[PDB]
Amino acid sequence: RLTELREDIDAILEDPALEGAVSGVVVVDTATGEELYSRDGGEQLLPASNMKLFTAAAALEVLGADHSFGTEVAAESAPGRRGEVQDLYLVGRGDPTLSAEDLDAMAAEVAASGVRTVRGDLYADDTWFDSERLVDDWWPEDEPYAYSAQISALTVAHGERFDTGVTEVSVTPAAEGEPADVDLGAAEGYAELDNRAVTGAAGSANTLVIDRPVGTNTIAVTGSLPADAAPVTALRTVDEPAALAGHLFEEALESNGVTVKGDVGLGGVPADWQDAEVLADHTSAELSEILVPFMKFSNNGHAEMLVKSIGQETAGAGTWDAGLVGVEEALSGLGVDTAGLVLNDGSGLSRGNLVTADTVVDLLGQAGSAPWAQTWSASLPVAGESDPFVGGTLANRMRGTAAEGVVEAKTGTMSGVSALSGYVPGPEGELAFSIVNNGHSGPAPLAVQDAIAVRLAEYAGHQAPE
Ligand SMILES: *[B-](O)(O)[C@@H](C)NC(=O)c1ccccc1Cc1ccccc1
Ligand SMILES: [Co+2]
Ligand SMILES: [Co+2]
């Protein structure tokens, strides 16, 4: 095809959805190196979550595909005869998957290694990273939601998708007139609850709202929920994620016969502790396994944690500023030319980011030529696949088309921003593309993205199913 394929994409790209918008669309054969389509490939645009590609590759570079994260528990000395200690520390070192059950097993160890009592205070130590909890230009009004999760070294991850810094809020109706039962889940007895919610008559106005008023650690429920309606689970953030982890760990300890007589709160392992006793430790799966629930579902926590991890590796500075310089650096070292990159964050959430479709495709190029390449591939959503962990953010797109089970792309979405970028493998060769829609006045031009994606899939020796 080539110029015929060009014509096909030229046709797609006029669509009345893309009215008033800029679009970096770039296609390259991995093998031939040749450029197969270009348009505004050098234009600066916000990537939203496509930023994640840059973060993922950097992290792979700087930490290696087999890097593992640690949590541990420490006291100044071994427990004393009746099984006692003074202060006690739960210490995060950036594990983006540390779970309530992981906490449990660590508690069980503290018991197993002799401790009957924490006769002083328990600290949640998250100082491996700085404590700047949110990016300069993140929007305040987003904060209660999961994707705006606070960023902290010590952070508990909820459910199999390892969403950090949240709690699940359960809202279950009673009967018409009667109020509704609200659970804060993991955050119970950590965050405040202000339940003004009320079950309404069956099949009526659903007007429920689960909020955390800016600057507070209070879950505000308000509005109505119909009696016949199904129970609403809902993911919501909390302030100081390490304090929550502290609280959960108190719960864990007491639940393993370890009494905690003092306060729970934030604290760093003191410098005057030269022979600290590591009573318990946990180790996350290596970075390879972590990239999946990260990239599949586009997890902001993980991204921004890895930036601060890149920060700690290259500079010993668990900080966006260093993490970010260590991102630019990593990439330059990968062959990627970063002239057009503007880094504000690692997830894409920052409006302050900028990219170009060549900078993307460049990166895609350099990535498939890598010791890690394979694990990089394993992270990206694969179109039209039911199983959330295969489909990721593309599970419900390009179904029953050439691209289904073929195209390896990464999504990026925001009020005025869309993006699709990855690999089109197949019989007639591998292929690499970037489509970065920006400023479109309506809904995210997903039809265009998908229509182009299928085009390439056919171009690779695939057929639409029947
Ligand atoms: B990325 O997936 O573009 C990511 C940075 N976007 C968000 O986290 C985001 C921004 C604004 C509103 C909602 C969300 C969540 C989201 C949006 C699309 C796909 C996945 C998650
Ligand atoms: Co509790
Ligand atoms: Co096929």
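To match Swiss-Prot, the residue numbers of chain A are left as they are there, and the shown ones run 50-515.
Determined via X-ray crystallography, 2.8 Å.
Positions of Cβ are set from backbone N, Cα and C atoms, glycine also.
Sequence annotations record features per position, and here Swiss-Prot assigns active site, acyl-ester intermediate to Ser98. Sequence-distant contacts of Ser98 (active site, acyl-ester intermediate), defined by Cβ-Cβ distance under 8 angstroms and a gap of at least six in the same chain, are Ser347, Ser396, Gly397, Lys459, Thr460, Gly461, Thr462, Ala468.
Annotation source Swiss-Prot lists active site, proton acceptor at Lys101. Secondary structure at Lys101 (active site, proton acceptor), as computed by DSSP, is helix. Around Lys101 (active site, proton acceptor), the C-beta neighbours below 8 angstroms that are at least 6 residues distant in the chain are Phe343, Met344, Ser347, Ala352, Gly395, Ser396, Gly397, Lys459, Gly461.
Residues or ranges marked as active site in Swiss-Prot (evidence: similarity to another entry): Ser347. Its own atom aside, the Cβ of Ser347 (active site) has 23 Cβ atoms within 10 angstroms in the protein chains shown.
Marked as substrate binding site by Swiss-Prot: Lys459. Take the CB of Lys459 (substrate binding site) and look out to 10 A: across all protein chains shown you find 28 other CB atoms.
Feature annotation from Swiss-Prot assigns region 'Absent in class-A beta-lactamases' to 146-319.
The DSSP secondary structure for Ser347 (active site) is coil.
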